[PDB]
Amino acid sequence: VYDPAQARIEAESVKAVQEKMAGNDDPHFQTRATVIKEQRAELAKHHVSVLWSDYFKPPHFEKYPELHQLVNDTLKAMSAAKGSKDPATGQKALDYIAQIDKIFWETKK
């Protein structure tokens, strides 16, 4: 059922929207890309938060003690991106989702 792919696609969409904000400076487009970035950001946050609450059971946290702070930093990096036009912040959020994805599949093997 669970997959971090839903967090990736929404966060891949945040960076995509940020790259497009650089090559167009029209007020209407800027506003629209801010409305979509806020929605896609909160959705990415939800999917990451769900992985932490509903999937990762108590023995997983005893196995990877840094997981708790990682999920928090992932959510926080995504909130920074939600507030930024810089694609690097969206990529920081993607790099943070990749770390969770690595740990996620290491619990399916």
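Numbering starts at 1 and runs along the sequence shown.
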query: Mean C-alpha B-factor comparison - 57-65 and 26-34, higher one; finding: 57-65
query: Third of chain Cα B-factors occupied by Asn72; finding: middle
query: Chain-wide C-alpha B factor ranking for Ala16, given as lowest, middle or highest third; finding: lowest
query: Ranked against its chain, the third holding the CA B-factor of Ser79; finding: lowest
query: CA B-factor ranking of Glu10, expressed as a third of its chain; finding: lowest
